[PDB]
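Written below as structure tokens is the structure these notes are about.
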Amino acid sequence: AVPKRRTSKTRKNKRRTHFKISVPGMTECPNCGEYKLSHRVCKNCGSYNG
Amino acid sequence: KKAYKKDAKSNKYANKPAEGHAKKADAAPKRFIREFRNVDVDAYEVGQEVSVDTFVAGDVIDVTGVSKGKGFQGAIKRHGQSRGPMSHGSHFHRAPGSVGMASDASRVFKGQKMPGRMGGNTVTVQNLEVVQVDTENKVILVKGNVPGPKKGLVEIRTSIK
Amino acid sequence: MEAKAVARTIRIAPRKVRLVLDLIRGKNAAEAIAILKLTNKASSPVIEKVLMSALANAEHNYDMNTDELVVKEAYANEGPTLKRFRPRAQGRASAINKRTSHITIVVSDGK
Amino acid sequence: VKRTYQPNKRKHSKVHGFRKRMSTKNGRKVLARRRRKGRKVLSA
Amino acid sequence: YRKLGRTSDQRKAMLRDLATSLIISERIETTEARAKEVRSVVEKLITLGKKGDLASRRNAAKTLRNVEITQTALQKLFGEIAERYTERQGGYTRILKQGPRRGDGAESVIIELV
RNA sequence: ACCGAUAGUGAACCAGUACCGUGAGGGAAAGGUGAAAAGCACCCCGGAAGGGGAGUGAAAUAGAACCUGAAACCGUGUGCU
RNA sequence: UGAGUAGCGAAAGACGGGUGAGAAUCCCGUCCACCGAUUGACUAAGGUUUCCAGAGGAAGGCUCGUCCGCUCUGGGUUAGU
RNA sequence: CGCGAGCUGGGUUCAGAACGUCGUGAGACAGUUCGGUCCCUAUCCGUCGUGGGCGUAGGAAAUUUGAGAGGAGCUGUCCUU
RNA sequence: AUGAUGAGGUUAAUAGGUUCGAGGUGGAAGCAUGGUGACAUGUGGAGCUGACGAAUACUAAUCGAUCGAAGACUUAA
């Protein structure tokens, strides 16, 4: 159907309380020196070594 | 379970509270701690093995286990509702019927049967019998078929009737 | 002190961008670029550009160490929307808002 | 579905053309009226 | 095993294609679901190639496209690929998660022969 | 003791024009940098756009989406709850 | 606002190698798949440069785009029958 | 005469056609008969499932009591006295 | 549905592979033989086998990181 009453800009923000996106869950590569994403190949330099 | 560990990242290993609780009894940490009322307390606070030999064949039993899960199963499958006609120009096949009266109720009553998650309940069966208590293989054979999947925990006790 | 970088008329919706900007606000500048490279979102690359320009403006015009620069602020503001039209059915037609955004980032040593 | 406009150069100029307008008193009134308004394109 | 967003014989075709591409190239960058599924398909052909008989060559021939390398793919398998993996008892591949893809967000992995 | 850009002509702007119609015919929206282009040389990030400095300038939050720049609306921060 | 919601217009794609600032999509290749009284070859009406090559990636393309029926810059139509 | 944003659309009062009857007529039924597009993507309350935040004066893991709420509750026929 | 609930994360049987089974189909290819041929018999309950049972670290569950207390105030015993 159609909305019977326009939504306040309070109820809106409450409903968007959970419209987050978490961080990826990354770590630092002990070889590359930088941040990789855990259980993935290192972006910067090469290896996985797991 | 195994003993306490420091990696201990999967629940295959007891944790320290569980081991304090089980070491009170001088018994290894254990999965599936369950309480039994209705038994006159005549066992030992020190844990002695309760062998299946407590049960004789010609007795009668009730067997509690969680039901088997079936997720979000709709009205016809979950509540045994009838379905609409299929062929005489009908657009109502498997949906619920009406969900109330018109404007003199003005709302849906609690307990209205609607689609949702099905199964998984703690259901109990009653008056089952024990065909055979196989000791030294440590199994019991019950007359029928009990709630729960395979490997599903089931607590057996004597009938309340 | 403080060094800012603004990217204007970036053709992405602003509430498709504030999703990502709500992460790197308050963070260090190293983990900020780490996140902005690792995230799946489509706003990451443009925000990578903008945050790197902020850090470069710091280390070239204001000369503050690019080791302690924390992202003091980061925010998107609306921009000029391109209003388009889409043919619905039965002769109708519905608007479309190809909206934009202005992405401002402000890195400061905190001193 | 078959829509109303099936284009045809010959039909278009033979019915709405210039010479067909000028070959009538009423078509000439139409041309005069469109010149009066200031139309860039008098006839079809 | 797991349906791959495809119809039945379309899925069969995709799996045959990937197993041929793998034993031709020795490593391919694919999607993690496709890699999980091809892992249990390209690894039942190396078994047939470690057997070596005529019946094994034909059971392998019915799950393997024709592409010449010059050799075939089947000669590649019952020839020089099956000999390298002569000692190990299964586990002839691996998957390496590259990470998310652009345009999809698809989880891209690199599958390969060990 | 007429209007001052939703006004005044439909048209202050290359307007009976975009566009609409087979056709007769209908028909808009579109003004303002600066006193002077003096309209941003050079450096840095960037693939460019776009910026941050550095300069022009009386002013650049007057940088050609350029006089002021309201409200709806969208945000970031924080005192009381 | 509804709301990051409905949709994203019938259909098989896969991998490799490139180009690239950036590739599910652009190029080349191999395999596979679909039409085949037609999804093929040719022409009338109609359209009126959409044709080709070099360059581009603001807007258009229902996503992406290094691509294009889009943009820029140069070219293309030859009759006694 | 519960329930068509849950379903049908047979009759009922749409446009066709015909019968009896009435009307000079166009047409009307006391009628009767054959044919005849049933739109919606759920904002709020409501209900059915299922998660997170904080709380329960330290942080936890496990086992529970049960205030209260819900379910179930039907009956036949044979033989014996 | 997702999240959640469970079983694990190598100091490991969680999944896949490998090897054995069960069950399913029903006698694989090759060869030989018998027929001129369609075909038939043996080799041989053969061969193939998704989800089921075991066993085996061969591949992958790497290295890592985030959160999370040190216990308020009165009276009474």
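Cβ atoms come from the backbone with ideal geometry, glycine included; neighbour counts cover every protein chain shown. Throughout, read-outs are computed from the coordinates displayed, never taken from laboratory work.
Residue-by-condition table, conditions (1) surrounded by 12 or more Cβ atoms within 10 Å (Cβ to Cβ); (2) aromatic (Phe, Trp, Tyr); (3) within 16 Å of RNA strand G (Cβ to nearest atom):
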residue	(1), (2), (3)
C:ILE47	yes, no, yes
C:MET52	yes, no, yes
C:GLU59	yes, no, no
C:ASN65	no, no, no
C:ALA74	yes, no, no
C:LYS83	no, no, yes
C:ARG88	no, no, yes
C:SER94	no, no, yes
C:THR100	yes, no, yes
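So the check is Cβ under 6 Å with 6+ separation or different chains; which pairs have a first residue in the range D:1-24 that's aliphatic (A, V, I, L, M) and a second one that's part of a loop (DSSP other than H, G, I, E, B) and within 11 Å of RNA strand F (Cβ to nearest atom)?
Hits for this filter: zero, empty list.
Let's see how each residue does on (1) crowded, with 17+ Cβ neighbours inside 10 Å; (2) within 13 Å of chain A (Cβ to nearest Cβ):
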residue: E:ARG65; (1), (2): no, no
residue: E:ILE69; (1), (2): no, no
residue: E:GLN75; (1), (2): no, no
residue: E:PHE78; (1), (2): yes, no
residue: E:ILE81; (1), (2): yes, no
residue: E:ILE95; (1), (2): no, yes
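Please count how many residues of the range A:14-41 are facing chain C (nearest Cβ under 9 Å) and of a type in the set (S, T, N, Q).
Number satisfying all stated conditions: 1.
Within the range C:19-38, how many residues turn out to be closer than 19 Å to A:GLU28 by Cβ, facing another protein chain (nearest Cβ under 9 Å), part of a helix (DSSP H, G or I) and among the hydrophobic types (A, V, I, L, M, F, W, C)?
Just the residues of the range C:19-38 that are closer than 19 Å to A:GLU28 by Cβ, to begin with: C:23-24, C:27-38.
Adding the requirement that they be facing another protein chain (nearest Cβ under 9 Å) leaves C:23, C:30-31, C:33-35, C:37-38.
Those still in the list that are part of a helix (DSSP H, G or I) too: C:30-31, C:33-35, C:37-38.
Restricting the remaining residues to those that are among the hydrophobic types (A, V, I, L, M, F, W, C) gives C:30, C:33-35, C:38.
Looking only at that region, the number is 5.
Mind listing whichever residues of the range B:39-79 are in contact with a strand residue (DSSP E or B) (Cβ under 6 Å, 6 or more places away or on another chain), within 16 Å of RNA strand I (Cβ to nearest atom) and assigned to a strand (DSSP E or B)?
Selection gives B:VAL66, B:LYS70.
What do you reckon, is C:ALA5 under 11 Å from the mean Cα position of the chain (by Cα), of a type outside the set (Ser, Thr, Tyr) and crowded, with 19+ Cβ neighbours inside 10 Å? Outline the logic, then answer.
Details: under 11 Å from the mean Cα position of the chain (by Cα): yes; of a type outside the set (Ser, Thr, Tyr): yes; crowded, with 19+ Cβ neighbours inside 10 Å: yes.
Yes.
Anything in the range C:65-111 that is in a loop (DSSP other than H, G, I, E, B) and more than 12 Å from RNA strand F (Cβ to nearest atom)? List them, or say none.
So in the range C:65-111, the residues in a loop (DSSP other than H, G, I, E, B) come out as C:65-69, C:78-81, C:88-92, C:99-100, C:109-111.
Correct list: C:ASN65, C:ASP67, C:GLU68, C:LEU69, C:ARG88, C:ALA89, C:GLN90, C:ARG92, C:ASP109, C:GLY110, C:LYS111.
Can you pull out every residue in the range D:35-44 that is surrounded by 11 or more Cβ atoms within 10 Å (Cβ to Cβ) and either of a type in the set (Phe, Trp, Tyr) or within 11 Å of the chain's Cα centre (by Cα) (or both)? So that I can check it myself, show each step before the final result.
At the first step, the residues of the range D:35-44 found to be surrounded by 11 or more Cβ atoms within 10 Å (Cβ to Cβ) are D:39, D:42-44.
Correct list: D:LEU42, D:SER43, D:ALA44.
Specify which of the listed residues (B:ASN11, B:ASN38) is within 25 Å of the chain's Cα centre (by Cα), among the polar types (S, T, N, Q), closer than 22 Å to B:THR124 by Cβ and near RNA strand H (Cβ under 10 Å from one of its atoms). Steps first, answer last, please.
Working: B:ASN11 fails: closer than 22 Å to B:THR124 by Cβ.
Within the list B:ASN11, B:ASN38, the selection yields B:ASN38.
Out of curiosity, is E:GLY52 away from chain A (no Cβ under 14 Å), among the small types (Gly, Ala, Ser) and under 30 Å from C:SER44 (Cβ atoms)?
Details: away from chain A (no Cβ under 14 Å): yes; among the small types (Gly, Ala, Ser): yes; under 30 Å from C:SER44 (Cβ atoms): no.
Judged against the criteria, E:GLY52 is not a match.
For a quick check of your reading: which helices (runs of 4 or more DSSP H) sit entirely within the range E:14-76 and have at least 1 residues that are under 19 Å from E:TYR1 (Cβ atoms), within 13 Å of RNA strand G (Cβ to nearest atom) and out of contact with any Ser or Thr (no Cβ under 6 Å at 6 or more places or on another chain)?
On the way: elements: E:32-38, E:45-51, E:54-61.
In the range E:14-76, the matching helices (runs of 4 or more DSSP H) lie at E:32-38.
Closer than 20 Å to E:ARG102 by Cα and surrounded by fewer than 19 Cβ atoms within 10 Å (Cβ to Cβ) - does that describe any residue in the range C:19-27?
Yes, the conditions are met somewhere in the range C:19-27.
Residues to consider are C:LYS16, C:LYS41; find the one that is within 14 Å of chain A (Cβ to nearest Cβ), within 22 Å of A:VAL23 (Cα to Cα), crowded, with 16+ Cβ neighbours inside 10 Å and of a type outside the set (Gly, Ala, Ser). Don't jump to the end; show me each part of the working.
Values: C:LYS16 fails: crowded, with 16+ Cβ neighbours inside 10 Å.
None of the other options fit; the residue is C:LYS41.
I'm trying to understand the selection: among the residues of the range E:52-96, which are touching a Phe, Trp or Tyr at 6+ places or on another chain (Cβ under 9 Å) and under 30 Å from C:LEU38 (Cα atoms)?
Start the filter on the range E:52-96 by keeping residues that are touching a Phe, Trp or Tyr at 6+ places or on another chain (Cβ under 9 Å), which leaves E:52, E:56-57, E:60, E:85, E:92, E:96.
Correct list: E:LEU96 only.
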